[PDB]
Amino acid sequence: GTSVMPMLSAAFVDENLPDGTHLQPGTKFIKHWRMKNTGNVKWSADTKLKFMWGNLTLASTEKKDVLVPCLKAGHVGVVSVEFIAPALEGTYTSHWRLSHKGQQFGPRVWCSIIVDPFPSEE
């Protein structure tokens, strides 16, 4: 015989702030990734969004800026991170992945922006 066993799984659906969005230095913004729980386990306090790599700065700390919804199996929700555009112009990215009880699952999701220089005083 056979039986289903716990499976943590996710699928990317959609997002706001398309990659390459231009922002002014110092802009606080919320990145949203719409995701589906394609597993058979409801997400919980043990489900976290783990930081992978990148140079885009968080608005404060990871405990304050990262939200993982307690998505039921088969449901769609939003994973959100609050960032701040650094002072210097350039390309800034930040990669994340869901993690349940320390085990990574689902796709890698990221935020990619361009910090524009300030407009001239005169």
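So that there is no doubt, residue numbering starts at 1 and follows the sequence shown.
When the mean C-alpha temperature factors of 64 to 72 and 26 to 34 are read from the deposited coordinates, 64 to 72 comes out higher. For the segment pair 39 to 47 and 55 to 63, the entry gives 55 to 63 the higher mean B-factor, averaged over Cα atoms.
Annotation for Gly102: CA B-factor lies in the highest third of the chain's modelled residues.
The entry lists a Cα temperature factor for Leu88 that places it in the highest third of the chain's modelled residues.
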